[PDB]
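# An overview of the molecular structure
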Number of protein chains: 12
Amino acid sequence: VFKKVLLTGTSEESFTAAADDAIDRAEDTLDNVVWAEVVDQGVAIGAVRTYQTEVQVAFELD
Amino acid sequence: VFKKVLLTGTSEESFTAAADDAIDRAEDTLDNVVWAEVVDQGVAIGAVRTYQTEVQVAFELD
Amino acid sequence: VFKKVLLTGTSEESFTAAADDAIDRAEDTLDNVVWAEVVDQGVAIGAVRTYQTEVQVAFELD
Amino acid sequence: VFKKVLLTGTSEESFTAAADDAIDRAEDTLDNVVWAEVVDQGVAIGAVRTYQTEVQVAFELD
Amino acid sequence: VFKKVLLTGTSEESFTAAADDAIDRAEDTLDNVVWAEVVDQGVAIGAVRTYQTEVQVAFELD
Amino acid sequence: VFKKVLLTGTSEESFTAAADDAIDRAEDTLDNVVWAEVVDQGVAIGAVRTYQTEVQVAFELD
Amino acid sequence: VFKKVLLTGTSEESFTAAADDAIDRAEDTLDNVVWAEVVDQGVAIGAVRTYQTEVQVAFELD
Amino acid sequence: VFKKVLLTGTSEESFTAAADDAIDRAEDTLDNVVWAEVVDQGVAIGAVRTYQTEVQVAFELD
Amino acid sequence: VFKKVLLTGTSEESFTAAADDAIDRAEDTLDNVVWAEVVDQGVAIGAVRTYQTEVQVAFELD
Amino acid sequence: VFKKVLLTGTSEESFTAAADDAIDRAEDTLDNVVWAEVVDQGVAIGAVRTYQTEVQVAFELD
Amino acid sequence: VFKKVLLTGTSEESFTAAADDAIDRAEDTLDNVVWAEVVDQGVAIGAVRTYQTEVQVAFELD
Amino acid sequence: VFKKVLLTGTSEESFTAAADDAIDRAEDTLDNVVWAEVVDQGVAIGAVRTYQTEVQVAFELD
Ligand SMILES: Cc1cc2nc3c(=O)[nH]c(=O)nc-3n(CCCCNC(=O)O)c2cc1C
Ligand SMILES: Cc1cc2nc3c(=O)[nH]c(=O)nc-3n(CCCCNC(=O)O)c2cc1C
Ligand SMILES: Cc1cc2nc3c(=O)[nH]c(=O)nc-3n(CCCCNC(=O)O)c2cc1C
Ligand SMILES: Cc1cc2nc3c(=O)[nH]c(=O)nc-3n(CCCCNC(=O)O)c2cc1C
Ligand SMILES: Cc1cc2nc3c(=O)[nH]c(=O)nc-3n(CCCCNC(=O)O)c2cc1C
Ligand SMILES: Cc1cc2nc3c(=O)[nH]c(=O)nc-3n(CCCCNC(=O)O)c2cc1C
Ligand SMILES: Cc1cc2nc3c(=O)[nH]c(=O)nc-3n(CCCCNC(=O)O)c2cc1C
Ligand SMILES: Cc1cc2nc3c(=O)[nH]c(=O)nc-3n(CCCCNC(=O)O)c2cc1C
Ligand SMILES: Cc1cc2nc3c(=O)[nH]c(=O)nc-3n(CCCCNC(=O)O)c2cc1C
Ligand SMILES: Cc1cc2nc3c(=O)[nH]c(=O)nc-3n(CCCCNC(=O)O)c2cc1C
Ligand SMILES: Cc1cc2nc3c(=O)[nH]c(=O)nc-3n(CCCCNC(=O)O)c2cc1C
Ligand SMILES: Cc1cc2nc3c(=O)[nH]c(=O)nc-3n(CCCCNC(=O)O)c2cc1C
Ligand SMILES: [Cl-]
Ligand SMILES: [Cl-]
Ligand SMILES: [Cl-]
Ligand SMILES: [Cl-]
Ligand SMILES: [Mg+2]
Ligand SMILES: [Mg+2]
Ligand SMILES: [Mg+2]
Ligand SMILES: [Mg+2]
Ligand SMILES: [Mg+2]
Ligand SMILES: [Mg+2]
Ligand SMILES: [Mg+2]
Ligand SMILES: [Mg+2]
Ligand SMILES: [Mg+2]
Ligand SMILES: [Mg+2]
Ligand SMILES: [Mg+2]
Ligand SMILES: [Mg+2]
Ligand SMILES: [Mg+2]
Ligand SMILES: [Mg+2]
Ligand SMILES: [Mg+2]
Ligand SMILES: [Mg+2]
Ligand SMILES: [Mg+2]
Ligand SMILES: [Mg+2]
Ligand SMILES: [Mg+2]
Ligand SMILES: [Mg+2]
Ligand SMILES: [Mg+2]
Ligand SMILES: [Mg+2]
Ligand SMILES: [Mg+2]
Ligand SMILES: [Mg+2]
Ligand code: NA
Ligand code: NA
Ligand code: NA
Ligand code: NA
């Protein structure tokens, strides 16, 4: 059985690096992280631009 | 990093109040709740009508 | 077996009350109305604003 | 010919009132506003909750 | 309030049995599981075929 | 001209058998049923699990 | 209150004429037909090509 | 950079001619119109039928 | 077994004629072409307007 | 690099068996078939019912 | 009230840089640009490849 | 007439570079490749992360 958690990663560099930020967090906390699916991307536009990539991060249960 | 939980709030009054019911629960349980996105709305039709609003509730991790 | 009819309710007050207007009509005409799913919302903007909520209204057959 | 502008209205009260806030702004600025279609709803959760309703606001050109 | 978890069940037999595998896991771990909504289906094609059914599994909170 | 009715069939066995339950009902009641399109699937989880398959059932008019 | 019926019109000429074929049928049978929304288009390719246009046909109830 | 405006053209003849009506208006008003994407089609059913085609009309900025 | 190929037909006349252009090409090249499903429509706006209709063209294998 | 082909399998038994029919055909013809994603399901209703499952069948190139 | 404009940015380098190109243009022309949502990405393939990222760029009105 | 093939490119570097990997393969094999549309993005998470970008790659026929 796989389970997915819905995480939004952030980066001041790129959409790829924002996906990684979410995956990094998942791997800190979860065992058996196996894949991620991009579901949305955006940019917070303030003092700097922050690229955001929202991913479903799949991990194998047990 | 943001995380979202997928909650369905309920109200005998309105779709807005059903969204609030979900957010109320999130805030009871989670720190740093920052936004909600409506993903569905419905009505359970029994003795009374119960309005339901399903929301992705985003919170900041750490 | 459930069947759904696709109804647009209207209200000069709110989206919730427009959903109810559709459900009211369904219940006038159909037995065993059990739930409704919101599929669209809009506003007709004339002399007054009329809120519209389109719902699939599910009823149990037999 | 109709044209649509993509506006997000806000309210501390309800999704219906947030739709109205967008329509109010459209009518301040545009002639012949004829309808609105809801495309998204959300809630900004800070000191207070701010309900947001995003609408395509249609107006007749000329 | 209902909450949903996003689970992918697996079976070497059928899409129905893969949905059950996810629900089985939910029920092992959660109280008050009330429904599931299919969101995706697939097949891993290796030595054998493994049918997968992804479901939002809804449970009542408290 | 074809017309579609939106029916949810149920089965304690499988998604295929729930689709059939809807089609069975359509054929009881309608002439010239020609096809069905699956639009949703779910499971009601109570004492037993009830698989549901929602189909648009197309029939030829006249 | 508006109600919609889901009809597929056909024509050996065009997608527009297939939409009309569905609307023609609706008007034969229903009072107060007010609008149609295209939801799908296709072509049956046999001895001849038959253009099909599927429309939600809205009519005002009462 | 391209920008899109969301226009609904109308015709008493066809969906193609309603798309053209929107493009005609865009070209009256905008420089460097380069393409259009159909996003919706409908029919207003009154004294006569008016075919509507909604298009995103893309133009190159500067 | 059916297979679909994803083709964009073009016409200086209409969306219907652009669908035909794709089907014409399919039939030149493939045996047992049975149906087409419209998936997109657009217009290239240059010296002349070129209507485009993108279709999944289904053919029976063997 | 993966490539997908869009195939509709058929079965007089089940949606699972119709998915298999498509995969069977893919494997007859293609090397390195690795997965399938369900994209649609339907039923042809004639003398008998024929369950159809449409799948994107992914294979690794080279 | 927020308003969104639908812009396609371009870059010979990356999807992130194409999003920036659109945001750059928005900021040249508009006050109070606050966020962007990616809605599409593509590549024009000619002499060189040009990455395109289409964004809804949100700005606060007044 | 344009035709599209559905390819998933891969890169250990970025989503942009994974799109390129798919386009590279298309150009190896096909004449008159003209554009690509991103349809999905993901990450395979193993020993290393492999970014994947799925594109419809359009080419002109003849
Ligand atoms: C993709 C996306 C979508 C967003 N949508 C909304 C929104 O819908 N309402 C709102 O008030 N704020 C935002 N916002 C938040 C705007 C904050 C940008 N400002 C600073 O970062 O300082 C938002 C942000 C992003 C990245
Ligand atoms: C939005 C939505 C969708 C629903 N869908 C289903 C459904 O698909 N199957 C089913 O058996 N029950 C329901 N139901 C549950 C019907 C219960 C209504 N009856 C009472 O509340 O007493 C359902 C409910 C709601 C609100
Ligand atoms: C959600 C929605 C969508 C609509 N779409 C269209 C439309 O697409 N074309 C059109 O001519 N009229 C309308 N209209 C109808 C415009 C009528 C508003 N005027 C008055 O109520 O007097 C429409 C209305 C609504 C509520
Ligand atoms: C619907 C929606 C969506 C949003 N999405 C994002 C987002 O995706 N990223 C982000 O940084 N901020 C937001 N935000 C902004 C969060 C700000 C909430 N805080 C305060 O209002 O003080 C956002 C807001 C809303 C309403
Ligand atoms: C629905 C679905 C989707 C998939 N998508 C991808 C994918 O997008 N990339 C990838 O590398 N692998 C897979 N895969 C994994 C391919 C593994 C199949 N091989 C074996 O089971 O041994 C995948 C699998 C399934 C079931
Ligand atoms: C697909 C689907 C979706 C559903 N959605 C809702 C829902 O959204 N609200 C709700 O109150 N009940 C349901 N329900 C109904 C829950 C009832 C399960 N319990 C028993 O069957 O005894 C529901 C059911 C199904 C099958
Ligand atoms: C849009 C659309 C979609 C279709 N889909 C299917 C399908 O999914 N399965 C199937 O067996 N037949 C069809 N078919 C039916 C194929 C019949 C074409 N042959 C003749 O008209 O003689 C179909 C038709 C159309 C118009
Ligand atoms: C595609 C589309 C959608 C529409 N939707 C709505 C609607 O949702 N509500 C409503 O009141 N009117 C309309 N209407 C407007 C109905 C007006 C038809 N009557 C006359 O043209 O005289 C509408 C129209 C069209 C073309
Ligand atoms: C539906 C659709 C979508 C399109 N999208 C893009 C696009 O996204 N980028 C781009 O550079 N060109 C185009 N283009 C191409 C613009 C070319 C129009 N000019 C001439 O035909 O001479 C495009 C075209 C069409 C028909
Ligand atoms: C999912 C799906 C969708 C379909 N859609 C259409 C359609 O849209 N038009 C049409 O003429 N025929 C069909 N058809 C074909 C109807 C043929 C059923 N009759 C027999 O099998 O003998 C169709 C079939 C299926 C399975
Ligand atoms: C995402 C996207 C989509 C596109 N769609 C179309 C299209 O649908 N029709 C068409 O004629 N041209 C294009 N085109 C335009 C093809 C032009 C590529 N050639 C050169 O850049 O020189 C197009 C382009 C892009 C980027
Ligand atoms: C986007 C996407 C989606 C995927 N979906 C599935 C899936 O649905 N089932 C499954 O078994 N495997 C996968 N997989 C495959 C998991 C393999 C990751 N492991 C290694 O790369 O070693 C998958 C992969 C990717 C990239
Ligand atoms: Cl828009
Ligand atoms: Cl989710
Ligand atoms: Cl419907
Ligand atoms: Cl495809
Ligand atoms: Mg930096
Ligand atoms: Mg988002
Ligand atoms: Mg009360
Ligand atoms: Mg729901
Ligand atoms: Mg009042
Ligand atoms: Mg509507
Ligand atoms: Mg207040
Ligand atoms: Mg939004
Ligand atoms: Mg076995
Ligand atoms: Mg999946
Ligand atoms: Mg049993
Ligand atoms: Mg459902
Ligand atoms: Mg003829
Ligand atoms: Mg169809
Ligand atoms: Mg005329
Ligand atoms: Mg519309
Ligand atoms: Mg000509
Ligand atoms: Mg297109
Ligand atoms: Mg049998
Ligand atoms: Mg289909
Ligand atoms: Mg360069
Ligand atoms: Mg695009
Ligand atoms: Mg590297
Ligand atoms: Mg994918
Ligand atoms: Na989730
Ligand atoms: Na219907
Ligand atoms: Na717009
Ligand atoms: Na394809």
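Residues numbered from 1 in each chain as written, not as in the entry; some residues may be left out. Chains lettered and ligands numbered in written order. Heavy atoms only, no water.

This entry, as listed in the PDB, derives from X-ray crystallography and reports a resolution of 1.80 Å.

Chain A is annotated in the PDB entry as DODECIN of Halobacterium salinarum.

### Re the site of ligand 2
Our working definition: Consider each residue's heavy atoms; a residue with any of them within 4 Å of a molecule or strand counts as near. Pairs of N or O atoms within 3.5 Å make up the polar contacts considered here, provided that, within protein, one atom can donate a hydrogen while the other can accept it, and that residues adjacent in sequence are counted only when both atoms are side-chain atoms. Here the open area of atoms and residues is found with the Shrake-Rupley method and a 1.4 Å probe, where only the protein chains shown may cover a residue. Helix numbers and strand numbers start at the N terminus; a helix is a DSSP run of H or I with at least 4 residues, a strand a run of E with at least 2. Residue polarity is assigned by list, with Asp, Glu, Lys and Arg as charged and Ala, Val, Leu, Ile, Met, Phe, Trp, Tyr, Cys and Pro as nonpolar; anything else, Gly included, falls into the polar class.
In the vicinity of ligand 2, the contacting residues are B:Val43, B:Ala44, B:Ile45, B:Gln52, C:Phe2, C:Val34, C:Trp35, C:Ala36 and F:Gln52. Contacts to ligand 2 include F:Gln52, whose side-chain N or O atom sits 2.9 Å from a nitrogen atom. Contact with the protein chains hides 57% of the accessible area of ligand 2, taken as 560 Å² for the molecule alone. Secondary structure elements with two or more residues in the shell around ligand 2: strand 2 (33-45) of chain B together with strand 2 (33-45) of chain C. The residue inventory of the shell around ligand 2, partitioned by class, reads seven nonpolar, two polar and no charged.

### Quick look at the interface of chain E and chain A
Interfaces are often sized by the amount of accessible area the parts lose when they come together. Worth spelling out the cut-off: The contact definition used throughout considers only heavy atoms, calling two residues in contact when any of these lie within 4.5 Å. Summed over both partners, the accessible area (1.4 Å probe) lost when two parts come together is defined as the buried area. What counts as a salt bridge is simple: a side-chain nitrogen of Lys or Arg found within 4 Å of a carboxyl oxygen of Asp or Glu. The rule for pairing is simple: two strands pair if DSSP sees at least two bridges between them.
Listed per partner, the contact involves nine residues of chain E and seven residues of chain A. Three residues stand out in chain E for area buried against chain A, namely E:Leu6, E:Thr8 and E:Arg25, and they jointly supply 59% of the buried area on that side. The interface formed by chain E and chain A holds two salt bridges in total. Here A:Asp62 and E:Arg25 are joined by a salt bridge, their closest N and O atoms 3.1 Å apart. Where chain E touches chain A, the interface holds four residue pairs in polar contact. Of all the secondary structure elements, the ones that give two or more residues to the side of chain E that touches chain A are strand 1 (2-11), helix 1 (15-29) and strand 3 (49-60) of chain E. The element that contributes the greatest number of residues to the side of chain E that touches chain A is strand 1 of chain E, accounting for five residues. Split into classes, the residues belonging to the side of chain E that touches chain A amount to three nonpolar, three polar and three charged. In this structure, strand 1 (residues 2-11) of chain A lies alongside strand 1 of chain E, joined through three bridges in antiparallel fashion. Looking at the pairing, A:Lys3 lines up with E:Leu7 of strand 1 of chain E.

### Points about helix 1 (residues 15-29) of chain F
Here is the rule we go by: Any helix carries an expected span of 1.5 Å times its number of residues minus one. Each residue is placed in one exposure class: buried if its accessible area under a 1.4 Å probe, protein chains only, is under 20% of its type's maximum, exposed if it is over 50%, and partly exposed if it falls in between.
Here helix 1 of chain F contains 15 residues, and its C-alpha end-to-end distance of 22 Å stays within 8% of the 21 Å for a straight helix at 1.5 Å per residue. Turning to helix 1 of chain F, its buried residues are F:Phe15, F:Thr16, F:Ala18, F:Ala19, F:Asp20, F:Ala22, F:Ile23, F:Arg25 and F:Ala26.

### Things to note about the pairing of strand 3 (residues 49-60) of chain D
Residues and elements named next belong to chain D. The buried count for strand 3 comes to ten of twelve residues, which makes it a mostly enclosed element. One ladder, built from ten bridges, connects strand 1 (residues 2-11) with strand 3; its direction is antiparallel. Directly across from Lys 4, in strand 3, lies its bridge partner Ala 58. Relative to strand 3, strand 2 (residues 33-45) runs antiparallel, the two sharing eleven bridges. By the bridge assignment, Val 43 is partnered in strand 3 with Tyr 51.

### As for the environment of H:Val48
Relative to the assigned elements, H:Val48 resides in the loop between strand 2 (33-45) and strand 3 (49-60). Each C-alpha atom of the pair H:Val48 and H:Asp62 lies 41 Å from the other, and the pair is 14 residues apart in sequence.

### Looking at the pattern of salt bridges
The final tally for this structure, using the stated rule, is 72 salt bridges over all chains. We note a salt bridge from A:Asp20 to L:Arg49, for which the minimum N-O separation is 3.0 Å. Placement of A:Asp20 in helix 1 (residues 15-29) and of L:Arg49 in strand 3 (residues 49-60) is noted, with the two residues assigned to different chains. Overall, A:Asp20 belongs to the buried group, its relative accessible area being 18%.

### A look at the side chain of B:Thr53
Residues and elements named next belong to chain B. Tracing the sequence through the fold places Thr 53 in strand 3 (residues 49-60). What makes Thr 53 buried here is its relative accessible area of 0%. Once you skip the residues sitting within four places of it in the chain, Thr 53 turns out to touch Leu 7, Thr 8, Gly 9, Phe 15, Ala 18, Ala 19, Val 38, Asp 40 and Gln 41.

### Quick look at the arrangement of the chains
Taking C-alpha atoms only, the smallest gap left between chain A and chain C, which are not in contact, amounts to 22 Å. These two, chain B and chain K, are apart from each other, with no contact and a minimum C-alpha gap of 14 Å.

### Structural notes on the packing of aromatic side chains
What counts, and what does not: Within 6.5 Å between ring centres, the rings of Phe, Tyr and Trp (the latter by its six-membered ring) count as paired, and their orientation is classed by plane angle as stacked under 30 degrees, edge-to-face over 60, tilted in between.
Scanning all chains against the criterion turns up 24 aromatic pairs over all chains. Seen in terms of ring centroids, B:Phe15 and B:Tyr51 are 5.7 Å apart; in terms of plane orientation they differ by 80°. Their pairing is edge-to-face. On the criterion of sequence distance, the pair formed by B:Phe15 in helix 1 (residues 15-29) and B:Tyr51 in strand 3 is long-range, its members being 36 residues apart. Of the two residues, B:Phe15 and B:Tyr51, both sit in the buried class. Where I:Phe2 meets I:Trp35, the ring centres are 5.0 Å apart and the plane angle is 65°; that geometry is what we call edge-to-face.

### Examining the relation of the copies chain E and chain A
Where we set the bar: Superposing the copies is done by minimising, in the least-squares sense, the deviation of their C-alpha atoms.
Under the fitted operation, chain E is carried onto chain A by 0.0 Å of movement along the axis and a turn of 120°, and the coordinates agree to an RMSD of 0.0 Å. The transformation relating the two chain copies, once decomposed into turn and shift, fits a three-fold axis. Nearest to the rotation axis, the C-alpha of E:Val5 is located 4.8 Å from it, this being the minimum over chain E.

### Let's talk about the interface of chain K and chain A
The interface of chain K with chain A comprises 14 residues on the first partner and eleven residues on the second. Approximately 970 Å² of surface area, both sides summed, lies buried where chain K meets chain A, with 48% of it carried by carbon and sulfur atoms. We note a salt bridge from A:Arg49 to K:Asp24, for which the minimum N-O separation is 2.8 Å. Counting every contact that joins chain K to chain A gives eight residue pairs in polar contact. Contributing elements (two or more residues each) for the side of chain K that touches chain A: helix 1 (15-29) and strand 2 (33-45) of chain K. Pairing of strand 2 (residues 33-45) of chain A with strand 2 of chain K involves three bridges; the strand directions are antiparallel. Its bridge partner lying in strand 2 of chain K, A:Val43 is registered against K:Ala36.

### Here we look at the relation of the copies chain K and chain A
Superposing chain K onto chain A takes a rotation of 120° plus a shift of 0.0 Å along the axis, which leaves an RMSD of 0.0 Å. The share of interface residues of chain K whose copies in chain A are also at the interface is only 14%, consistent with the copies meeting through different surfaces.

### Examining the site of ligand 6
The local shell around ligand 6 consists of B:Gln52, E:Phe2, E:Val34, E:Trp35, E:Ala36, F:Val43, F:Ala44, F:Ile45 and F:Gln52. At the site occupied by ligand 6, the surrounding residues belong to chains B, E and F. Between ligand 6 and the protein, one listed contact pairs a nitrogen atom with a side-chain N or O atom of B:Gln52 at 2.9 Å. Protein contacts shield 57% of the accessible area of ligand 6, which totals 570 Å² for the unbound molecule.

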